[PDB]
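# Structural description and commentary
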Amino acid sequence: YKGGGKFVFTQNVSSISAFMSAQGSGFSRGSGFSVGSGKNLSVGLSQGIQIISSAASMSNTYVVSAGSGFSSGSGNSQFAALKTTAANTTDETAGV
Amino acid sequence: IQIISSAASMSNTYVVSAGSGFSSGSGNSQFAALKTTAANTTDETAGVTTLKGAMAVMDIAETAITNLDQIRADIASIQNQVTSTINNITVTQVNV
Amino acid sequence: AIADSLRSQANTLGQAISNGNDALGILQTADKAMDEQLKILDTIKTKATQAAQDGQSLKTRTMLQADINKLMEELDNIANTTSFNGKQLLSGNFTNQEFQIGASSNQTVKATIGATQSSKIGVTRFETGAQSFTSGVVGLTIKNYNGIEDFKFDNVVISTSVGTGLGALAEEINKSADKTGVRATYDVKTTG
Amino acid sequence: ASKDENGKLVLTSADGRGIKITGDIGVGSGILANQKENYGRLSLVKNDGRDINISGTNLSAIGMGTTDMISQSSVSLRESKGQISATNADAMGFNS
Amino acid sequence: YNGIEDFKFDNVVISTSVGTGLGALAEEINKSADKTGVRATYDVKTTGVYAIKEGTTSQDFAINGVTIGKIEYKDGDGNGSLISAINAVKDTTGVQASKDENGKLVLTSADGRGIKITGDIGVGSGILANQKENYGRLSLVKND
Amino acid sequence: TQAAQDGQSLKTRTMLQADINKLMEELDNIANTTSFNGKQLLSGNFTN
Amino acid sequence: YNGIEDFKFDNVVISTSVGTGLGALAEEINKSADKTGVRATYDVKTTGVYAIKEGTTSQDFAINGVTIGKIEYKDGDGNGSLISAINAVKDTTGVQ
Amino acid sequence: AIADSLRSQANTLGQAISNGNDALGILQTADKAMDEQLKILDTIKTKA
């Protein structure tokens with residue numbers, strides 16, 4: 001799943017709080033797992049979710065800045081590397 | 001004698017508080033557990049030490065046998081597949 | 001060039017044979033281990049049957065339960081113990097394990113030996129309805145009995161006659177036991 | 001008809017026909033006016049651990065209608081090895 | 001593909017059936033391996049996050065088109081009932097439920113058929129509503 | 001043939017089917033695996 | 001645990017139930033031994049001091065939730081009554 | 001082509017024998033169990 005760290009969406013939510021408040025997710029006010037309900041799934045989401053706000057501009061998840069060879073609209077925009085602070089991509093044990 | 005005043009609102013006999021997943025009008029409202037202070041429900045002796053306990057442990061053991069057979073069948077299927085692969089590889093290596 | 005390609009393929013297949021033999025060893029070990037768990041579970045069920053009679057007091061049923069405790073301890077001990085060289089086979093951490101058995105890169109078999117611990121094997125599902133005070137012709141339906149369709153029983157009478165009642169319903173349900181996996185019993189008492 | 005240990009009155013039905021007393025039994029025997037129409041209760045047992053999704057046509061007669069408090073649960077071997085909880089026991093089939 | 005012209009594979013269905021999926025595509029790609037130099041494989045898993053909690057599935061929880069039903073699972077899935085009930089139909093669906101080391105819920109498909117769960121699996125298992133429709137990944141490997 | 005009898009419940013038939021799945025997987029593996037020096041022989045692209 | 005990242009286990013209950021305690025923790029740890037290299041065991045005892053004298057337990061003396069009652073024991077427990085009375089529920093409590 | 005056709009027909013019949021020897025167990029069990037019901041009805045008619 002696209003680097004072994006957090007999971008990466010492309011939704012249009014400002015933060016995990018509104019992503020839970022929003023429809024579709026199982027965290028709606030009617031459901032049992034609302035924010036502040038003893039389940040404490042907000043921490044679980046914070047550890048394993050990285051929501052890209054707008055796919056048009058994502059410099060906080062991929063190394064896609066101007067100096068990089070992958071600037072949006074400059075070709076190669078779909079090959080940019082993930083960001084180690086955004087995700088939790090760690091190296092693998094050496095070789096075989 | 002424990003008289004419930006009205007079936008629409010009975011939070012003094014079953015555990016139907018808002019925190020529980022058995023709130024009325026939210027589904028599951030007919031599976032709520034009794035209240036130990038309201039009724040006088042006490043635990044039972046441990047396991048096969050009672051008659052109905054024994055006749056329940058019988059089914060639990062039957063289901064356990066079922067599950068172990070189901071797992072052993074998977075092991076056996078993998079083993080037969082590996083054996084066939086090994087025969088085919090043994091012939092192909094000679095031909096190569 | 002062709003000779004070197006064929007030599008590489010012959011060596012890779014010669015190593016794939018050893019990989020297959022190792023996989024066979026692991027799987028045989030796991031199976032011959034699970035055999036004893038099967039026998040232990042049989043013994044447990046036999047003891048529960050022996051205790052399910054009412055010619056035995058609580059003091060002897062307690063010896064039955066003490067024996068079952070040790071037997072189940074042994075079962076989970078076998079589960080958490082059987083291991084090849086550290087790889088615990090019968091515990092639940094042997095999921096999605098490959099064994100390269102091909103000349104090229106990603107040809108392999110896969111092993112996902114399930115978990116066989118006493119906290120996870122035997123999980124039955126009980127239900128029980130409130131004490132019924134009303135009569136009437138009843139027709140059940142166990143929805144999704146096999147993953148595709150429903151399962152409608154026959155209409156059954158209840159009230160007080162010989163061929164009526166919860167006993168009749170229990171007969172009708174236990175009849176089709178092998179298809180639904182749902183056995184039924186009853187308990188009819190009016191205690192003050 | 002039988003006499004309990006604590007002195008209560010017990011009217012059991014072997015083949016499950018349902019007890020119905022018509023006349024006045026006489027209070028003081030222990031049987032309230034609400035127990036005169038009795039048909040016992042059903043006890044299903046699956047062997048996989050998923051909810052039996054019973055939905056018939058006339059269900060208030062077996063005591064599993066849309067207004068009947070039913071109990072359901074699933075137990076493992078290790079869970080049976082200990083003390084049977086009060087709700088788990090009612091699901092098992094103790095305490096009619 | 002060879003310095004002069006292109007190379008068009010034949011169309012390949014995807015969704016959830018036996019002759020579909022990334023495995024059905026990898027077969028086709030690997031078949032014409034000696035002419036393109038491009039060998040392919042696949043990896044079709046669906047791994048939750050926030051390893052696991054206590055919850056229940058909807059009455060009509062179904063996976064790959066076959067209905068399972070309501071399952072109540074404990075905090076760390078001590079019952080193993082969820083894994084057992086998902087695995088009891090593994091050779092009809094194509095998915096094999098498993099419990100990861102960290103406690104997460106792993107749903108893998110051996111022959112690459114694509115996992116598609118319809119009902120509410122129940123948040124608490126860790127499978128977000130953005131994963132209920134998974135068909136895995138592709139992995140090509142050239143050698144030049 | 002072994003599962004074509006009615007002394008076997010759906011569970012045992014399911015064990016049969018689960019085994020047949022792995023056997024057929026092996027068949028496909030042989031087909032897509034046998035190759036001389038990249039030339040896949042038993043796949044269908046060894047024509048003419 | 002290996003040179004790059006950490007290793008998070010599962011949340012394990014402790015208190016007094018069958019599927020709880022340092023036994024459950026040791027199971028959960030020893031399961032993941034091949035990757036971490038950290039096996040585990042346990043030792044759950046409760047040894048008195050000033051070896052033993054004459055005295056009695058309170059009328060509500062209980063252990064792990066099961067009530068035992070009053071027990072009059074001699075100086076060196078010459079009766080063995082204390083040990084026998086505590087052992088009479090060894091397979092319900094888990095305490096020998 | 002023939003030997004592989006006979007090798008299957010020999011394997012099948014070899015398995016079909018097991019289906020018969022299992023269809024005998026199911027039938028003998030059902031038969032010897034009816035034996036007691038006949039001795040019961042005999043008693044009822046005698047008691048009547």
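Residues numbered from 1 in each chain as written, not as in the entry; some residues may be left out. Chains lettered and ligands numbered in written order. Part of a larger assembly, values for the part shown. Heavy atoms only, no water.

The record names cryo-EM as the way this model was obtained, at a resolution of 3.5 Å.

## Describing unusual backbone geometry
Despite not being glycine, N144 of chain C shows a phi value in the positive range, around 55°. Of note in the backbone geometry, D77 of chain G takes a positive phi value of approximately 55° without being a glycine. If you trace the backbone, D77 of chain G turns up in the loop between β4 (72–73) and α3 (81–87). (Helix = DSSP H or I, 4+ residues; strand = E, 2+ residues; numbered from the N terminus.)

## A short note on the packing of helix α1 (residues 51–95) of chain B against helix α1 (residues 10–33) of chain F
At their nearest, the axes of α1 of chain B and α1 of chain F sit 9 Å apart, and the two run at 20° to each other. Here α1 of chain F runs roughly parallel to α1 of chain B, going by the angle between their axes. Considering only the axes of α1 of chain B and α1 of chain F, their crossing is right-handed. Taking contact as the criterion, the partners of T66, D69, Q70, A73, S77, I78, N80, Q81, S84, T85 and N88 of chain B in α1 of chain B are, on α1 of chain F, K11, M15, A18, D19, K22, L23, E25, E26 and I30 of chain F. Among the residues forming the contact of α1 of chain B with α1 of chain F, the class breakdown is 6 nonpolar, 8 polar and 6 charged. (Axes fitted to C-alpha atoms, helices over the stretch in contact; angles between N-to-C directions. Parallel < 35°, antiparallel > 145°, perpendicular 65-115°, else oblique. Left-handed = near helix turned anticlockwise from the far one by under 90°. Contact = heavy atoms within 4.5 Å. Nonpolar A, V, L, I, M, F, W, Y, C, P; charged D, E, K, R; others polar.)

## Some details on the pattern of salt bridges
According to the stated counting rule, one finds 26 salt bridges over all chains in the structure shown. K90 of chain E is the partner of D74 of chain B in a salt bridge, and the nearest nitrogen-oxygen pair spans 3.5 Å. Here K90 of chain E lies in helix α4 (residues 90–93) and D74 of chain B lies in helix α1, a pairing that spans two chains. With relative accessibility at 18%, the residue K90 of chain E sits in the buried group. (Salt bridge = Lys/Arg side-chain N within 4 Å of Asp/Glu carboxyl O. Buried < 20%, exposed > 50% of the residue type's maximum accessible area, 1.4 Å probe, protein only.)

## Describing the interface of chain C and chain G
Accessible area lost on assembly of the parts is the figure often given for the size of an interface. Contacts between chain C and chain G engage 10 residues on the former and 6 residues on the latter. Around 750 Å² of area is buried between chain C and chain G when both sides are counted, 38% of it from carbon and sulfur atoms. Interface area lost by chain C to chain G is led by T62, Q88 and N93 of chain C, which between them contribute 39%. Inspection of the chain C/chain G interface yields 1 residue pair in polar contact. When grouped by side-chain class, the residues that make up the side of chain C that touches chain G number 1 nonpolar, 8 polar and 1 charged. (Buried area = accessible area lost by both parts, 1.4 Å probe. Polar contact = N/O pair within 3.5 Å; in protein donor to acceptor, adjacent residues only side chain to side chain.)

## Concerning the sheet that holds strand β2 (residues 45–47) of chain E
Think of a sheet as strands paired side by side through backbone hydrogen bonds, with each pair either parallel or antiparallel. Residue and element names in this part refer to chain E. Strand order in the open sheet formed by 3 strands is β2-β8-β7, and the pairing between neighbours is antiparallel. Edge positions in the sheet fall to β2 and β7 (95–99), since each has one partner strand and no second. Averaged over all adjacent pairs, the angle separating strand axes in this sheet is 15°, with direction ignored. Bridge analysis of β2 against strand β8 (residues 105–109) gives 3 bridges, and the strand direction is antiparallel. (Pairing = 2+ DSSP bridges.)

## Quick look at the pairing of β7 of chain E
Residues and elements named next belong to chain E. For β7, a buried count of 5 out of 5 residues is recorded, marking the element as mostly surrounded by other parts of the structure. Here β7 shows a buried face lined by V95, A97 and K99 and a second buried face lined by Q96 and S98. Pairing of β7 with β8, which is carried by 5 bridges, proceeds in the antiparallel orientation. Paired with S98 across the two strands is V106, which belongs to β8. Once β7 ends, the chain turns through 5 residues before running back antiparallel as β8, passing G103 with a positive phi of about 100°.

## Regarding the packing of helix α1 (residues 2–51) of chain C against helix α2 (residues 58–81) of chain C
Residue and element names in this part refer to chain C. Running from N to C, α1 and α2 cross one another at 165°; their axes reach a closest spacing of 10 Å. With respect to their mutual orientation, α1 and α2 come out roughly antiparallel. Two packed elements cross with a definite hand, and for α1 against α2 that hand is left-handed. From α1, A33, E36, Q37, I40, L41, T43, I44, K47, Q50 and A51 reach across to α2, where they touch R61, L64, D67, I68, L71, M72, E74, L75, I78 and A79. Each residue belonging to the contact of α1 with α2 can be placed in one class, and the counts come to 12 nonpolar, 3 polar and 5 charged.

## Some points on the packing of aromatic side chains
All names here are of chain A. If you walk through the whole model with that rule in mind, you get 10 aromatic pairs over all chains. Both rings, one in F19 and one in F27, keep their centres 6.4 Å apart while their planes meet at 50°; by these two values the pair is tilted. A connected cluster of aromatic rings, assembled from ring pairs, spans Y1, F7, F9, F19 and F27. (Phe/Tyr/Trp six-rings, centres within 6.5 Å; stacked < 30°, edge-to-face > 60°.)

## Remarks on a nonpolar patch on the surface
Judged by side-chain polarity, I2 of chain C together with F36, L41, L42 and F46 of chain F come together as a nonpolar surface patch covering roughly 500 Å² of accessible area. Among the secondary structure elements, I2 of chain C is positioned in helix α1. (Patch = residues over 30% accessible without salt bridge, like charges linked within 9 Å, V, L, I, M, F, W, Y side chains within 5 Å. Areas by Shrake-Rupley, 256 points an atom, 1.4 Å probe, with all protein chains shown as cover.)

## Describing the interface of chain C and chain D
With 54 residues of chain C in contact, the opposing surface of chain D contributes 62 residues. Between chain C and chain D lies a buried interface of about 5700 Å² when both sides are counted; carbon and sulfur atoms form 53% of it. Between the two partners, chain C and chain D, sit 1 salt bridge. Of the charged contacts in the structure, one is a salt bridge between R125 of chain C and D51 of chain D, with a shortest N-O distance of 3.5 Å. At the boundary of chain C and chain D, one finds 36 residue pairs in polar contact. Looking at the side of chain C that touches chain D, the elements that each hand over two or more residues are α2, β3 (124–128), α3 (166–175), β4 (183–187) and β5 (189–191) of chain C. Looking at the side of chain C that touches chain D residue by residue, the class counts come to 20 nonpolar, 26 polar and 8 charged.

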